[PDB]
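The structure under discussion appears below in the form of structure tokens.
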There are 2 protein chains.
Amino acid sequence: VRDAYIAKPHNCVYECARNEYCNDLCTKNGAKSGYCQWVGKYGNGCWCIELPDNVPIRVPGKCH
Amino acid sequence: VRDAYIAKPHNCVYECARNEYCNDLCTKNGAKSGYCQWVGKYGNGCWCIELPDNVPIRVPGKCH
């Protein structure tokens, strides 16, 4: 498992305005919990705790 | 076509913090354009202009 921004196609974050939205998105995908980052590595977006390894995450590179 | 909040499965909005994120999402799904609406019927989320009828929208009920 890993803690990371959960990705949507292709190598993009899910933006967010509140923590519960991210908690729900994360747990639906198997993570323990999640919250909304504002000033993390990739800016605004959902961050998941203990996301299963085969769920895509945001990594270095361009989103589109 | 209708102006509406585009839905993420299942009956969820896409939350947002910048307009390009919504315009990108809405136009990929065939809308004329879209923007990040902070306040509205279904609170913060992407609002699309003239989304095609076959693309789900947020409707009453809970996101799941």
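Mind ranking A:14-21, B:25-32, B:41-48 by how tightly packed they are, going by the mean number of other C-beta atoms within 10 angstrom, highest first?
On the way: A:14-21: 19.8, B:25-32: 17.5, B:41-48: 22.0.
So the order, starting with the most tightly packed, is B:41-48, A:14-21, B:25-32.
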Only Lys, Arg (+1) and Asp, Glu (-1) charged, at Cβ; chain A dipole about Cα centre in debye = 180 debye
B from A by rotation - nearest chain A beta carbon to the axis, in Å = A:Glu15, 3
What are the principal axis extents of the Cα atoms in chain A, in Å, biggest first?
-> 27, 26, 16
For A:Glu20, go 7 angstrom from Cα along the Cα-to-Cβ vector, then report the distances to that same point in the other copies in nm, smallest first.
-> 3.1
From Cα coordinates alone, what are the radius of gyration and Dmax values for the protein assembly as shown in angstrom?
-> 14.1, 42
For chain A: relative contact order, % (alpha-carbon pairs under 8 angstrom, 6 or more apart) = 44 percent
Residues in segment B:7-37 that a label on B:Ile49 would reach, taking backbone N under 11 Å of a point 7 Å out along Cα→Cβ | B:32-35
Counting pairs on different chains as well as pairs 8 or more places apart, how many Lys pairs in the protein assembly as shown have Cα atoms under 19 Å apart?
-> 15
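FYI the Cβ positions are ideal-geometry reconstructions off the backbone, even for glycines, and counts take in every protein chain you see. Values in this text are rule-based calculations from the coordinates and carry no lab data.
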